[PDB]
Structures are given as structure tokens and as C-alpha cells.
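Okay, data-v3.tsv is below, TSV, N, CA, C and O atoms and all ligand atoms:
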chain	number	residue	atom	x	y	z
M	96	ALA	N	26.08	-69.74	-1.28
M	96	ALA	CA	26.77	-68.46	-1.59
M	96	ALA	C	26.32	-67.35	-0.64
M	96	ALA	O	26.46	-66.19	-0.94
M	97	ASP	N	25.79	-67.75	0.48
M	97	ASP	CA	25.32	-66.73	1.46
M	97	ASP	C	25.46	-67.25	2.89
M	97	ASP	O	25.04	-68.35	3.19
M	98	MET	N	26.04	-66.45	3.73
M	98	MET	CA	26.22	-66.88	5.14
M	98	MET	C	25.01	-66.47	5.98
M	98	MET	O	24.03	-65.99	5.47
M	99	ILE	N	25.11	-66.68	7.27
M	99	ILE	CA	23.98	-66.31	8.16
M	99	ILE	C	23.45	-64.93	7.81
M	99	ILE	O	24.17	-64.08	7.32
M	100	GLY	N	22.18	-64.72	8.07
M	100	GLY	CA	21.58	-63.40	7.75
M	100	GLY	C	20.12	-63.57	7.32
M	100	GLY	O	19.21	-63.43	8.12
M	101	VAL	N	19.92	-63.87	6.07
M	101	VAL	CA	18.54	-64.06	5.57
M	101	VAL	C	18.09	-65.50	5.78
M	101	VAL	O	16.91	-65.80	5.72
M	102	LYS	N	19.02	-66.36	6.03
M	102	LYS	CA	18.65	-67.78	6.24
M	102	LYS	C	17.72	-67.89	7.44
M	102	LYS	O	16.73	-68.58	7.38
M	103	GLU	N	18.08	-67.24	8.53
M	103	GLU	CA	17.21	-67.32	9.72
M	103	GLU	C	15.77	-67.12	9.28
M	103	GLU	O	14.87	-67.84	9.69
M	104	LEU	N	15.59	-66.13	8.45
M	104	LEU	CA	14.24	-65.86	7.96
M	104	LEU	C	13.68	-67.15	7.39
M	104	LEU	O	12.53	-67.47	7.60
M	105	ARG	N	14.52	-67.87	6.69
M	105	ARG	CA	14.05	-69.15	6.10
M	105	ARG	C	13.49	-70.03	7.20
M	105	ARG	O	12.48	-70.68	7.03
M	106	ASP	N	14.16	-70.02	8.34
M	106	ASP	CA	13.67	-70.85	9.45
M	106	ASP	C	12.19	-70.57	9.66
M	106	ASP	O	11.38	-71.48	9.66
M	107	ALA	N	11.87	-69.32	9.82
M	107	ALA	CA	10.44	-68.97	10.02
M	107	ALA	C	9.67	-69.42	8.79
M	107	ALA	O	8.73	-70.18	8.87
M	108	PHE	N	10.10	-68.92	7.67
M	108	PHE	CA	9.44	-69.27	6.40
M	108	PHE	C	9.16	-70.77	6.35
M	108	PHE	O	8.18	-71.20	5.78
M	109	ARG	N	10.03	-71.55	6.95
M	109	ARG	CA	9.82	-73.02	6.93
M	109	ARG	C	8.62	-73.37	7.80
M	109	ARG	O	7.66	-73.96	7.33
M	110	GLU	N	8.68	-72.99	9.05
M	110	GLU	CA	7.55	-73.30	9.95
M	110	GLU	C	6.27	-72.74	9.35
M	110	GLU	O	5.19	-73.27	9.56
M	111	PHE	N	6.42	-71.68	8.62
M	111	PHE	CA	5.25	-71.05	7.97
M	111	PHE	C	4.52	-72.05	7.09
M	111	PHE	O	3.36	-72.33	7.28
M	112	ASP	N	5.24	-72.56	6.13
M	112	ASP	CA	4.63	-73.55	5.21
M	112	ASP	C	4.50	-74.91	5.89
M	112	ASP	O	5.41	-75.71	5.88
M	113	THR	N	3.35	-75.15	6.47
M	113	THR	CA	3.14	-76.45	7.15
M	113	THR	C	3.24	-77.60	6.15
M	113	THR	O	3.56	-78.71	6.52
M	114	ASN	N	2.97	-77.31	4.91
M	114	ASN	CA	3.04	-78.37	3.87
M	114	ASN	C	4.40	-78.37	3.19
M	114	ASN	O	5.35	-78.95	3.68
M	115	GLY	N	4.48	-77.71	2.06
M	115	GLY	CA	5.78	-77.66	1.33
M	115	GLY	C	5.60	-76.98	-0.03
M	115	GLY	O	5.53	-77.64	-1.05
M	116	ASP	N	5.54	-75.68	-0.02
M	116	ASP	CA	5.37	-74.93	-1.30
M	116	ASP	C	6.18	-73.65	-1.28
M	116	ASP	O	6.23	-72.93	-2.26
M	117	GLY	N	6.81	-73.38	-0.16
M	117	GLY	CA	7.63	-72.14	-0.06
M	117	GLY	C	6.79	-70.91	-0.37
M	117	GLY	O	7.27	-69.95	-0.94
M	118	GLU	N	5.54	-70.96	0.00
M	118	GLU	CA	4.65	-69.80	-0.27
M	118	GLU	C	3.56	-69.70	0.78
M	118	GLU	O	2.75	-70.60	0.93
M	119	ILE	N	3.55	-68.61	1.50
M	119	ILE	CA	2.51	-68.44	2.54
M	119	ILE	C	1.26	-67.79	1.96
M	119	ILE	O	1.28	-66.62	1.58
M	120	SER	N	0.20	-68.55	1.91
M	120	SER	CA	-1.07	-68.02	1.37
M	120	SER	C	-2.03	-67.65	2.50
M	120	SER	O	-1.87	-68.09	3.62
M	121	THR	N	-3.01	-66.83	2.18
M	121	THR	CA	-3.99	-66.41	3.21
M	121	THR	C	-4.34	-67.58	4.12
M	121	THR	O	-4.46	-67.43	5.32
M	122	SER	N	-4.49	-68.74	3.53
M	122	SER	CA	-4.83	-69.92	4.34
M	122	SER	C	-3.66	-70.25	5.26
M	122	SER	O	-3.83	-70.48	6.44
M	123	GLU	N	-2.49	-70.27	4.68
M	123	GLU	CA	-1.29	-70.58	5.49
M	123	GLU	C	-1.00	-69.42	6.43
M	123	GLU	O	-0.60	-69.62	7.56
M	124	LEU	N	-1.20	-68.22	5.94
M	124	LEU	CA	-0.93	-67.05	6.79
M	124	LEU	C	-1.75	-67.15	8.06
M	124	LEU	O	-1.21	-67.23	9.15
M	125	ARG	N	-3.05	-67.15	7.89
M	125	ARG	CA	-3.94	-67.25	9.06
M	125	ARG	C	-3.42	-68.30	10.02
M	125	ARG	O	-3.35	-68.08	11.21
M	126	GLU	N	-3.06	-69.44	9.49
M	126	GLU	CA	-2.54	-70.51	10.36
M	126	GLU	C	-1.30	-70.01	11.08
M	126	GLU	O	-1.07	-70.35	12.23
M	127	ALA	N	-0.53	-69.22	10.40
M	127	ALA	CA	0.69	-68.68	11.02
M	127	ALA	C	0.32	-67.67	12.08
M	127	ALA	O	0.68	-67.81	13.24
M	128	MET	N	-0.40	-66.65	11.68
M	128	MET	CA	-0.79	-65.62	12.67
M	128	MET	C	-1.56	-66.27	13.82
M	128	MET	O	-1.48	-65.81	14.94
M	129	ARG	N	-2.27	-67.32	13.52
M	129	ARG	CA	-3.05	-68.01	14.59
M	129	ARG	C	-2.13	-68.57	15.67
M	129	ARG	O	-2.38	-68.41	16.85
M	130	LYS	N	-1.08	-69.22	15.25
M	130	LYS	CA	-0.14	-69.80	16.25
M	130	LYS	C	0.43	-68.71	17.16
M	130	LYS	O	0.73	-68.96	18.31
M	131	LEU	N	0.56	-67.53	16.63
M	131	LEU	CA	1.11	-66.42	17.45
M	131	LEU	C	0.00	-65.65	18.14
M	131	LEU	O	0.06	-65.39	19.33
M	132	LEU	N	-1.01	-65.30	17.39
M	132	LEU	CA	-2.14	-64.55	18.00
M	132	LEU	C	-3.18	-65.50	18.57
M	132	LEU	O	-3.29	-65.66	19.77
M	133	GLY	N	-3.92	-66.13	17.70
M	133	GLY	CA	-4.96	-67.08	18.17
M	133	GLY	C	-6.15	-66.33	18.78
M	133	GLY	O	-5.99	-65.26	19.34
M	134	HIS	N	-7.31	-66.90	18.66
M	134	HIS	CA	-8.51	-66.23	19.22
M	134	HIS	C	-8.78	-64.90	18.52
M	134	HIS	O	-8.10	-64.55	17.58
M	135	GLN	N	-9.76	-64.19	19.00
M	135	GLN	CA	-10.09	-62.89	18.38
M	135	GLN	C	-10.58	-63.07	16.95
M	135	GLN	O	-10.47	-64.15	16.39
M	136	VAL	N	-11.10	-62.01	16.38
M	136	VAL	CA	-11.61	-62.08	14.99
M	136	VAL	C	-10.86	-61.10	14.09
M	136	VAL	O	-9.81	-60.60	14.45
M	137	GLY	N	-11.42	-60.83	12.94
M	137	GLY	CA	-10.76	-59.88	12.01
M	137	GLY	C	-9.92	-60.63	10.96
M	137	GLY	O	-8.71	-60.68	11.05
M	138	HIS	N	-10.59	-61.20	10.00
M	138	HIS	CA	-9.86	-61.95	8.95
M	138	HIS	C	-9.45	-61.01	7.82
M	138	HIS	O	-8.40	-61.17	7.21
M	139	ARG	N	-10.28	-60.04	7.56
M	139	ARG	CA	-9.96	-59.08	6.48
M	139	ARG	C	-8.59	-58.46	6.72
M	139	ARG	O	-7.88	-58.14	5.79
M	140	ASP	N	-8.25	-58.30	7.97
M	140	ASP	CA	-6.93	-57.71	8.29
M	140	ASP	C	-5.81	-58.62	7.81
M	140	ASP	O	-4.78	-58.17	7.37
M	141	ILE	N	-6.05	-59.90	7.90
M	141	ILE	CA	-5.02	-60.86	7.46
M	141	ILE	C	-4.75	-60.69	5.98
M	141	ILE	O	-3.63	-60.46	5.57
M	142	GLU	N	-5.78	-60.81	5.19
M	142	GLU	CA	-5.59	-60.65	3.73
M	142	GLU	C	-5.10	-59.25	3.42
M	142	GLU	O	-4.34	-59.04	2.49
M	143	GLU	N	-5.54	-58.31	4.21
M	143	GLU	CA	-5.11	-56.91	3.98
M	143	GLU	C	-3.60	-56.81	4.12
M	143	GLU	O	-2.95	-56.09	3.38
M	144	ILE	N	-3.06	-57.54	5.06
M	144	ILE	CA	-1.60	-57.50	5.27
M	144	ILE	C	-0.89	-58.15	4.08
M	144	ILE	O	0.17	-57.72	3.67
M	145	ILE	N	-1.49	-59.19	3.56
M	145	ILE	CA	-0.87	-59.88	2.41
M	145	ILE	C	-1.16	-59.12	1.12
M	145	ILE	O	-0.56	-59.39	0.09
M	146	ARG	N	-2.07	-58.19	1.20
M	146	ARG	CA	-2.42	-57.40	-0.01
M	146	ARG	C	-1.55	-56.15	-0.11
M	146	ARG	O	-1.20	-55.72	-1.19
M	147	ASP	N	-1.23	-55.59	1.02
M	147	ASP	CA	-0.39	-54.36	1.02
M	147	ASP	C	1.10	-54.69	1.10
M	147	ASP	O	1.94	-53.82	0.92
M	148	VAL	N	1.42	-55.93	1.35
M	148	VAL	CA	2.86	-56.31	1.44
M	148	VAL	C	3.61	-55.90	0.18
M	148	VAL	O	4.49	-55.05	0.23
M	149	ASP	N	3.27	-56.49	-0.93
M	149	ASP	CA	3.97	-56.14	-2.19
M	149	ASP	C	3.47	-57.00	-3.35
M	149	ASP	O	3.32	-56.51	-4.46
M	150	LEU	N	3.23	-58.26	-3.06
M	150	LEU	CA	2.74	-59.22	-4.11
M	150	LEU	C	3.11	-58.78	-5.53
M	150	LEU	O	2.36	-58.09	-6.18
M	151	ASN	N	4.25	-59.20	-5.98
M	151	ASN	CA	4.67	-58.82	-7.34
M	151	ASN	C	3.58	-59.16	-8.35
M	151	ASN	O	3.70	-58.86	-9.52
M	152	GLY	N	2.54	-59.79	-7.87
M	152	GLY	CA	1.42	-60.16	-8.79
M	152	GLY	C	0.81	-61.51	-8.38
M	152	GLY	O	-0.07	-62.02	-9.04
M	153	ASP	N	1.30	-62.05	-7.29
M	153	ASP	CA	0.77	-63.36	-6.82
M	153	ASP	C	-0.19	-63.19	-5.65
M	153	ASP	O	-0.65	-64.16	-5.08
M	154	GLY	N	-0.48	-61.96	-5.31
M	154	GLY	CA	-1.42	-61.73	-4.17
M	154	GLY	C	-1.08	-62.65	-3.00
M	154	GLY	O	-1.95	-63.02	-2.24
M	155	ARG	N	0.17	-62.99	-2.89
M	155	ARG	CA	0.58	-63.89	-1.78
M	155	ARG	C	2.00	-63.58	-1.33
M	155	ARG	O	2.75	-62.95	-2.05
M	156	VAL	N	2.34	-64.03	-0.15
M	156	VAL	CA	3.71	-63.76	0.35
M	156	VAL	C	4.68	-64.90	0.04
M	156	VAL	O	4.35	-66.06	0.16
M	157	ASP	N	5.85	-64.51	-0.38
M	157	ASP	CA	6.91	-65.49	-0.72
M	157	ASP	C	8.17	-65.13	0.04
M	157	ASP	O	8.28	-64.03	0.54
M	158	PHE	N	9.09	-66.06	0.14
M	158	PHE	CA	10.35	-65.77	0.88
M	158	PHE	C	10.82	-64.34	0.62
M	158	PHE	O	11.52	-63.76	1.43
M	159	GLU	N	10.43	-63.80	-0.50
M	159	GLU	CA	10.84	-62.42	-0.82
M	159	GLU	C	9.94	-61.44	-0.07
M	159	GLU	O	10.40	-60.66	0.73
M	160	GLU	N	8.66	-61.51	-0.36
M	160	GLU	CA	7.72	-60.60	0.33
M	160	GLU	C	7.77	-60.84	1.83
M	160	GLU	O	7.50	-59.96	2.62
M	161	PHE	N	8.14	-62.05	2.19
M	161	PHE	CA	8.23	-62.39	3.62
M	161	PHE	C	9.44	-61.74	4.26
M	161	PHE	O	9.39	-61.30	5.39
M	162	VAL	N	10.51	-61.68	3.52
M	162	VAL	CA	11.74	-61.06	4.06
M	162	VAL	C	11.56	-59.56	4.22
M	162	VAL	O	12.14	-58.95	5.09
M	163	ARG	N	10.74	-58.99	3.37
M	163	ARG	CA	10.52	-57.53	3.47
M	163	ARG	C	9.45	-57.22	4.51
M	163	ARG	O	9.35	-56.11	4.98
M	164	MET	N	8.67	-58.22	4.85
M	164	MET	CA	7.61	-57.98	5.87
M	164	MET	C	8.15	-58.20	7.27
M	164	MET	O	7.62	-57.68	8.23
M	165	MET	N	9.20	-58.97	7.37
M	165	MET	CA	9.78	-59.23	8.71
M	165	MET	C	10.67	-58.08	9.16
M	165	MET	O	10.54	-57.58	10.26
M	166	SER	N	11.56	-57.67	8.30
M	166	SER	CA	12.46	-56.55	8.65
M	166	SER	C	11.67	-55.37	9.21
M	166	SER	O	10.47	-55.32	9.10
M	167	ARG	N	12.38	-54.44	9.80
M	167	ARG	CA	11.68	-53.26	10.37
M	167	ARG	C	11.38	-52.24	9.28
M	167	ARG	O	10.49	-51.44	9.53
S	201	CA	CA	4.48	-61.00	-3.30
Translate the structure described by the file into C-alpha cells.
Amino acid sequence: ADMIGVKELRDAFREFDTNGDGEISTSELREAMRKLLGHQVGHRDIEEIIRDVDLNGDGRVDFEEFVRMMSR
């Protein structure tokens, strides 16, 4: 019931979850940011990003919190 638009986001969201839970957790996040950034330190910043995103109460990013974090 939806054409191109938010699906692309799913593409990323897919590569995000290396396993299969449709949920990017600090562990999965770091792995994600690592593939793009890599090297360097600062882990608190990672969780900080997942903490200020929105977390309706799961302290984690989901296709929803992920869609709002990607947009500008
Ligand atoms: Ca959330």
C-alpha cells in the first residue's frame, strides 16, 4: 500500500540489521557507524545518538526512529 519513498530507507535498515530483528541496537548501530566511519574512538556518542533520537521507550532505533534520523 505504499510506493517508492520510505522503502529505500528499508534498504538501509536492512543492511543495518546484519542478523534479522528489524531493530538497530547500540551493538548493531556501532557496527553500522563502523562500516561508514571506522577507526577513531568515542562510543558514548553512539549511544547518545540512539538516546536523543526518540526511543518511544525501547532506548533503541527502529524503522520508525530510523526514518526520522535519516531525513534532514
Ligand atoms: Ca525509538
* Structure fact -> Counting only C-alpha atoms, closest pick from M:167, M:115, M:162, M:128 relative to residue 103 (chain M) is M:162
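Look at residue 118 (chain M): the protein and nucleic acid residues within 7 Å of it, using all atoms listed in the file and passing over chain neighbours fewer than 5 places away, are residues 108, 111, 112, 123, 124, 155, 156, 157 and 158 of chain M.
Going from atom C of residue 134 (chain M) over to atom N of residue 150 (chain M), you cover 25.6 Å.
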* Grab me every residue within 7 Å of ligand CA 201 (chain S), counting only N, CA, C and O atoms and all ligand atoms, and send it over as number ranges by chain. => M: 145, 148-157, 159-161
* Asked: When you draw a straight line from atom O of residue 119 (chain M) to CA of residue 135 (chain M), how long is it in Å?
  -> 20.6 Å
* Suppose you want the space between atom N of residue 147 (chain M) and atom O of residue 101 (chain M); what is it in Å? -> 21.3 Å
* Run DSSP on the backbone of this structure and report the residues of chain M it assigns to strand (DSSP E), as a list in words. => residues 118, 119, 156 and 157 of chain M
* To do: Apply DSSP to the structure's backbone, then extract all residues of region 105-163 of chain M labelled alpha helix (DSSP H) and return them as a ChimeraX atom specification.
  => /M:105-111,121-131,139-147,158-163
Just write the chosen residues, N, CA, C and O atoms, as a compact mmCIF listing (two decimals), in the coordinates of the input.
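What ended up in selection20.txt:
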# COMPACT_ATOMS: atom_id res chain seq x y z
N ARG M 105 14.52 -67.87 6.69
CA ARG M 105 14.05 -69.15 6.10
C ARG M 105 13.49 -70.03 7.20
O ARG M 105 12.48 -70.68 7.03
N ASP M 106 14.16 -70.02 8.34
CA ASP M 106 13.67 -70.85 9.45
C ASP M 106 12.19 -70.57 9.66
O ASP M 106 11.38 -71.48 9.66
N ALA M 107 11.87 -69.32 9.82
CA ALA M 107 10.44 -68.97 10.02
C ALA M 107 9.67 -69.42 8.79
O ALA M 107 8.73 -70.18 8.87
N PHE M 108 10.10 -68.92 7.67
CA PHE M 108 9.44 -69.27 6.40
C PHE M 108 9.16 -70.77 6.35
O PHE M 108 8.18 -71.20 5.78
N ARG M 109 10.03 -71.55 6.95
CA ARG M 109 9.82 -73.02 6.93
C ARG M 109 8.62 -73.37 7.80
O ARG M 109 7.66 -73.96 7.33
N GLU M 110 8.68 -72.99 9.05
CA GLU M 110 7.55 -73.30 9.95
C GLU M 110 6.27 -72.74 9.35
O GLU M 110 5.19 -73.27 9.56
N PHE M 111 6.42 -71.68 8.62
CA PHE M 111 5.25 -71.05 7.97
C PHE M 111 4.52 -72.05 7.09
O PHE M 111 3.36 -72.33 7.28
N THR M 121 -3.01 -66.83 2.18
CA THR M 121 -3.99 -66.41 3.21
C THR M 121 -4.34 -67.58 4.12
O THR M 121 -4.46 -67.43 5.32
N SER M 122 -4.49 -68.74 3.53
CA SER M 122 -4.83 -69.92 4.34
C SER M 122 -3.66 -70.25 5.26
O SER M 122 -3.83 -70.48 6.44
N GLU M 123 -2.49 -70.27 4.68
CA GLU M 123 -1.29 -70.58 5.49
C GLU M 123 -1.00 -69.42 6.43
O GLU M 123 -0.60 -69.62 7.56
N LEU M 124 -1.20 -68.22 5.94
CA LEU M 124 -0.93 -67.05 6.79
C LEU M 124 -1.75 -67.15 8.06
O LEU M 124 -1.21 -67.23 9.15
N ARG M 125 -3.05 -67.15 7.89
CA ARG M 125 -3.94 -67.25 9.06
C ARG M 125 -3.42 -68.30 10.02
O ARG M 125 -3.35 -68.08 11.21
N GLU M 126 -3.06 -69.44 9.49
CA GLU M 126 -2.54 -70.51 10.36
C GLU M 126 -1.30 -70.01 11.08
O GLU M 126 -1.07 -70.35 12.23
N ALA M 127 -0.53 -69.22 10.40
CA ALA M 127 0.69 -68.68 11.02
C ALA M 127 0.32 -67.67 12.08
O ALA M 127 0.68 -67.81 13.24
N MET M 128 -0.40 -66.65 11.68
CA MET M 128 -0.79 -65.62 12.67
C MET M 128 -1.56 -66.27 13.82
O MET M 128 -1.48 -65.81 14.94
N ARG M 129 -2.27 -67.32 13.52
CA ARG M 129 -3.05 -68.01 14.59
C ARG M 129 -2.13 -68.57 15.67
O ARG M 129 -2.38 -68.41 16.85
N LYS M 130 -1.08 -69.22 15.25
CA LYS M 130 -0.14 -69.80 16.25
C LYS M 130 0.43 -68.71 17.16
O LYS M 130 0.73 -68.96 18.31
N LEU M 131 0.56 -67.53 16.63
CA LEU M 131 1.11 -66.42 17.45
C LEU M 131 0.00 -65.65 18.14
O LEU M 131 0.06 -65.39 19.33
N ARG M 139 -10.28 -60.04 7.56
CA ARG M 139 -9.96 -59.08 6.48
C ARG M 139 -8.59 -58.46 6.72
O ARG M 139 -7.88 -58.14 5.79
N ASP M 140 -8.25 -58.30 7.97
CA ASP M 140 -6.93 -57.71 8.29
C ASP M 140 -5.81 -58.62 7.81
O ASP M 140 -4.78 -58.17 7.37
N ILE M 141 -6.05 -59.90 7.90
CA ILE M 141 -5.02 -60.86 7.46
C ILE M 141 -4.75 -60.69 5.98
O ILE M 141 -3.63 -60.46 5.57
N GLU M 142 -5.78 -60.81 5.19
CA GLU M 142 -5.59 -60.65 3.73
C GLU M 142 -5.10 -59.25 3.42
O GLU M 142 -4.34 -59.04 2.49
N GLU M 143 -5.54 -58.31 4.21
CA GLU M 143 -5.11 -56.91 3.98
C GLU M 143 -3.60 -56.81 4.12
O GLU M 143 -2.95 -56.09 3.38
N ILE M 144 -3.06 -57.54 5.06
CA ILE M 144 -1.60 -57.50 5.27
C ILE M 144 -0.89 -58.15 4.08
O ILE M 144 0.17 -57.72 3.67
N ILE M 145 -1.49 -59.19 3.56
CA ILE M 145 -0.87 -59.88 2.41
C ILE M 145 -1.16 -59.12 1.12
O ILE M 145 -0.56 -59.39 0.09
N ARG M 146 -2.07 -58.19 1.20
CA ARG M 146 -2.42 -57.40 -0.01
C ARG M 146 -1.55 -56.15 -0.11
O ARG M 146 -1.20 -55.72 -1.19
N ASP M 147 -1.23 -55.59 1.02
CA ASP M 147 -0.39 -54.36 1.02
C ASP M 147 1.10 -54.69 1.10
O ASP M 147 1.94 -53.82 0.92
N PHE M 158 9.09 -66.06 0.14
CA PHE M 158 10.35 -65.77 0.88
C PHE M 158 10.82 -64.34 0.62
O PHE M 158 11.52 -63.76 1.43
N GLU M 159 10.43 -63.80 -0.50
CA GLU M 159 10.84 -62.42 -0.82
C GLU M 159 9.94 -61.44 -0.07
O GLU M 159 10.40 -60.66 0.73
N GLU M 160 8.66 -61.51 -0.36
CA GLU M 160 7.72 -60.60 0.33
C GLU M 160 7.77 -60.84 1.83
O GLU M 160 7.50 -59.96 2.62
N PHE M 161 8.14 -62.05 2.19
CA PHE M 161 8.23 -62.39 3.62
C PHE M 161 9.44 -61.74 4.26
O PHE M 161 9.39 -61.30 5.39
N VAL M 162 10.51 -61.68 3.52
CA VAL M 162 11.74 -61.06 4.06
C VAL M 162 11.56 -59.56 4.22
O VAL M 162 12.14 -58.95 5.09
N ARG M 163 10.74 -58.99 3.37
CA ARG M 163 10.52 -57.53 3.47
C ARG M 163 9.45 -57.22 4.51
O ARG M 163 9.35 -56.11 4.98
* From the list M:102, M:139, M:163, M:109, which residue is nearest residue 127 (chain M) when using only C-alpha atoms? -> M:109
